[PDB]
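A.B. asks: show me the folded form of this:
(one chain, ligands or ions: 3)
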Amino acid sequence: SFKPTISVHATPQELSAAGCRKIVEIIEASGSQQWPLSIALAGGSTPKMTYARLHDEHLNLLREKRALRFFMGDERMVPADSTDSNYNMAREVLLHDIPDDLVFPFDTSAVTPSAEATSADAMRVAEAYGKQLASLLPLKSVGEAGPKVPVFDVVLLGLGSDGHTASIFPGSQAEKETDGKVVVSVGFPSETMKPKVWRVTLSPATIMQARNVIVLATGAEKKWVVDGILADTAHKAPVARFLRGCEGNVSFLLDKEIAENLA
Ligand SMILES: [Hg+2]
Ligand SMILES: [Hg+2]
Ligand SMILES: [Zn+2]
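C.D. replies: Residues are numbered from 1 along each chain as shown. Ligands and ions are numbered 1, 2, ... in the order given. Okay, here it is:
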């Protein structure tokens, strides 16, 4: 049913190392003629190390060879120069060395420091990005004669302590957007997740059409999440369990603690 590739690593430096090679392998296996490949970036300290890795040893591939076109998988409705911005983090560690025409962040230019972003601001931003995606990437229907969503070559994902991924939180509308009518969803963090601001994020539908999905996660507090995704019959499962329905190649790069129970 679900046979994902799994690799357990002892340290973050090792997990990020596996992350770097994986991406590079996808780039090379795909071929120079398929470049630039579309990739949806994830935020967080784990992916950050992977991006630093790419910056230090593979700029000839990414910069000179222009192998990748960078998009954001989810973003915080804050200014692009905010420390809470996922794009800001990606630019700092890597994107600053990438040709400007290969970098596509969410247009959050309307968000000002004076006022918090609202649900409508988020939906407006998600809508504009979705159209841009449907314009730049190849489309595919979700189910026969189903709605069409853009197809990413690669989608990077993190995992949360509460069981979410990207900005698709428990009991949210985004969680049910699996039919393909919505390409880019919106979401607001639960009580225990930070920062407290509205988010825009790829819907579960879009994510499941990606050619390659790579989840980078660590920590003993996220162990039930991995277990709940891989488990054969999970009723009280985590939101991330929807990753079972992904149509492309699915990989899990984990650390020892989060994969302890792993059989
Ligand atoms: Hg690498
Ligand atoms: Hg997946
Ligand atoms: Zn640099």
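
A.B. asks: okay, CA-based contacts and neighbour counts for the rest of this
C.D. replies: Noted.

A.B. asks: what parts of the stretch 101-250 of the chain come near ligand 2?
C.D. replies: Applying C-alpha under 5 Å from the ion, we find that the stretch 101-250 of the chain lies next to ligand 2 at 243, 246.

A.B. asks: 6 Å instead, please
C.D. replies: Contact residues, the stretch 101-250 of the chain versus ligand 2 (C-alpha under 6 Å from the ion): 213, 243-244, 246, 250.

A.B. asks: could you single out the nearest of those to residue 68?
C.D. replies: Checking those against residue 68 by C-alpha to C-alpha gives residue 213 as the nearest, at 15.3 Å.

A.B. asks: let's verify the closest one: helix, strand, or coil?
C.D. replies: With DSSP: H, G, I helix; E, B strand; the rest coil as the basis, residue 213 sits in strand.

A.B. asks: so it touches residue 248, yeah?
C.D. replies: Yes - using C-alpha atoms under 8 Å, residue 213 is in contact with residue 248, at 6.9 Å.

A.B. asks: between the two, who's got more neighbours?
C.D. replies: Between residue 213 and residue 248, residue 213 has the larger neighbour count (other C-alpha atoms under 10 Å), namely 26 against 17.

A.B. asks: list the residues that contact that one.
C.D. replies: When contacts are counted by C-alpha atoms under 8 Å, 6 or more residues apart in numbering, residue 213 is found next to 154-157, 207, 248-251.

A.B. asks: which of those residues are buried?
C.D. replies: Among those, those that count as buried by neighbour count (16 or more other C-alpha atoms under 10 Å) are 154-157, 207, 248, 250-251.

A.B. asks: that older thread, turn the residues of the stretch 101-250 of the chain next to ligand 2 into JSON lines, columns for distance to ligand 1 and secondary structure.
C.D. replies: Shown next, in JSON lines, are these (distance: C-alpha to the ion, whole Å; DSSP: H, G, I helix; E, B strand; the rest coil):
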{"residue": "213", "distance to ligand 1": "17", "secondary structure": "strand"}
{"residue": "243", "distance to ligand 1": "25", "secondary structure": "helix"}
{"residue": "244", "distance to ligand 1": "27", "secondary structure": "helix"}
{"residue": "246", "distance to ligand 1": "25", "secondary structure": "coil"}
{"residue": "250", "distance to ligand 1": "18", "secondary structure": "strand"}
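
A.B. asks: pull the most distant pair out of these.
C.D. replies: 213 and 244 (11.0 Å).

A.B. asks: what's the closest non-adjacent residue to whichever residue of the chain sits closest to ligand 2?
C.D. replies: Closest to ligand 2 within the chain is residue 243: 3.7 Å, counting by C-alpha to the ion. Of all residues not flanking residue 243 in the chain, residue 208 sits nearest, at 6.9 Å (C-alpha to C-alpha, 6 or more residues apart in numbering).

A.B. asks: can you confirm residue 253 is in a helix?
C.D. replies: No - counting by three-state DSSP, residue 253 is not part of a helix but strand.

A.B. asks: ok, it touching residue 226?
C.D. replies: No - at 10.9 Å, residue 253 and residue 226 do not qualify as touching, with contact defined as C-alpha under 8 Å.
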